[PDB]
Each structure stands twice: as C-alpha cells, then as structure tokens.
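Residue-level listing of the chains:
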Amino acid sequence: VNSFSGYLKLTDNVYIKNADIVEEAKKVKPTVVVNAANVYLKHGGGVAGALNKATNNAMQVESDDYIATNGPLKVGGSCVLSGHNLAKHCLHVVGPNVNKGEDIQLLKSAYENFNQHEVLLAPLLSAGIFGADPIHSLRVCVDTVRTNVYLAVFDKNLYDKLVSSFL
Ligand SMILES: O=c1[nH]c2cc(Cl)ccc2o1
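Residues numbered from 1 in each chain as written, not as in the entry; some residues may be left out. Heavy atoms only, no water. Residues with missing side-chain atoms left out of burial classes, pairs and counts.

By the method listed in its record, X-ray crystallography, this PDB entry was determined to a resolution of 0.9400 Å.

Draft legend 1. Structural view of the layout of surface pockets. Of the volumes computed, that of the largest pocket is approximately 500 Å³. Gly46, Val47, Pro123, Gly128 and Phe154 are, among the 22 residues lining the largest pocket, the residues nearest its centre. Taken together, the elements giving at least two residues each to the lining of the largest pocket come down to α1 (21-28), α2 (46-54) and β7 (148-153). Element by element, the count of residues in the lining of the largest pocket is highest for α2, at four residues. (1 Å grid on protein atoms, 1.4 Å probe; cavity = no way out; pocket = protein on both sides within 12 Å on 5 of 7 lines; lining within 4 Å. Points joined across faces, edges and corners; volume = space filled by probe spheres on them. Helix = DSSP H or I, 4+ residues; strand = E, 2+ residues; numbered from the N terminus.)

Draft legend 2. Region of the structure containing the site of the ligand. Surrounding the ligand, one finds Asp20, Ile21, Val22, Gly46, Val47, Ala50, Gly128 and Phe154. Interatomic distance of 3.2 Å between a side-chain N/O atom of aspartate 20 and an oxygen atom of the ligand. Burial of the ligand by the protein amounts to 74% of the accessible area it has alone, namely 300 Å². In a pocket analysis with a 2 Å cut-off to the grid points, the ligand is assigned to the largest pocket. Looking at the shell around the ligand, the elements that each hand over two or more residues are α1 and α2. Tallying contributions element by element places α2 first for the shell around the ligand, with three residues. The class makeup of the residues in the shell around the ligand is five nonpolar, two polar and one charged. (Near = heavy atom within 4 Å. Polar contact = N/O pair within 3.5 Å; in protein donor to acceptor, adjacent residues only side chain to side chain. Areas by Shrake-Rupley, 256 points an atom, 1.4 Å probe, with all protein chains shown as cover. Sits in = over half its atoms within 2 Å of the grid points. Nonpolar A, V, L, I, M, F, W, Y, C, P; charged D, E, K, R; others polar.)

Draft legend 3. Highlighting the packing of helix α5 (residues 134-144) against helix α6 (residues 156-164). Relative orientation of the contacting elements α5 and α6 amounts to 55°, with a least axis distance of 10 Å. Between α5 and α6, the angle is such that the two are oblique. Two packed elements cross with a definite hand, and for α5 against α6 that hand is right-handed. Residues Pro134, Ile135 and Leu138 of α5 form the contact with α6, whose own contacting residues are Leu158, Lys161 and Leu162. The class makeup of the residues in the contact of α5 with α6 is five nonpolar, no polar and one charged. (Axes fitted to C-alpha atoms, helices over the stretch in contact; angles between N-to-C directions. Parallel < 35°, antiparallel > 145°, perpendicular 65-115°, else oblique. Left-handed = near helix turned anticlockwise from the far one by under 90°. Contact = heavy atoms within 4.5 Å.)

In structure tokens:
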C-alpha cells in the first residue's frame, strides 16, 4: 500500500492522474519525483522550471554544482539529486527534445531510468515544451517501465484524451 490517491490504474504498474506534479509532490513526499530535465540541468520552464521554483531555486543551485563537477548528462540519461522540500530524491531524466531535433527513439532509453526505482512520481517524458506526442510518451512508458509509476498530467484536456485513447 502507498500514499498516492485518486489515480486511474492503466496497467499492473502504471497509474495516471490529472494533477499539479509540484502540488502532488508537496502532498505525498514521494521517495522519488522525476524531473523533465535537459542535459545542462537548466530548470527554466515546463515541469523543471515549476519544480525548481517550488524549491526556491535550491534545485538549480545543486544542479549547477553537479554540472560543474560532472559535465552535462546524455539525452536519454539521468542523475539522482536531492528532492529538497518535494521528495527524498529527484531523478532528473533527459527525454529527447523534438524542438532541438533529438531522436525520439531515445525516449525508451529515458524511461529505462525509471526501472532503477521501485516507485516514482513522474511527468510524461518529452511531453509539453519538449515537443513529443504525449500519447506516444504514455505508450513508451507503459511498454518500458516495469516499476510502479504514478504519472501526473498538467492539462485536464490532455489527461482525458490520454485515458480515452489508451489501448
Ligand atoms: O506543475 C507543472 N506541470 C507542468 C507541465 C508542463 Cl508540460 C509544463 C509546466 C508545468 O508545471
């Protein structure tokens, strides 16, 4: 049994809700929240900008030190950093950004990072300002992630479309 409330069950391991990921993290304090990161961990906008704002910029300060030591992530890659006031840990995952011309096949590699964590609160990778089709992102999630994932969808309209169209 866990804390997550109000989710629709899509599969054995994937659950979805129309919710503010920031507000959901604040309520649940999950072990892992996933950030929709870029390779520079520059949390300007989208999910990343919202998560970082909710940490009062402490996520960005920590991320800048991580990059200064380790250099950029790979597209499809991840790192584990603090969850600050939102979660125990934040898994920063880089999905491909279609608005930069990145290979959408890297979306599966991105979701494979979730399998290193038994339970996660996450957004749909490469959705929103990363330019991918969220329906496709949900399909790759279901077909890749084997651990228990609780997906938060920002738009109510999009949430309803993802549920109605789910095979
Ligand atoms: O809380 C949130 N969720 C979000 C989802 C997208 Cl795509 C963008 C900004 C967001 O801020």
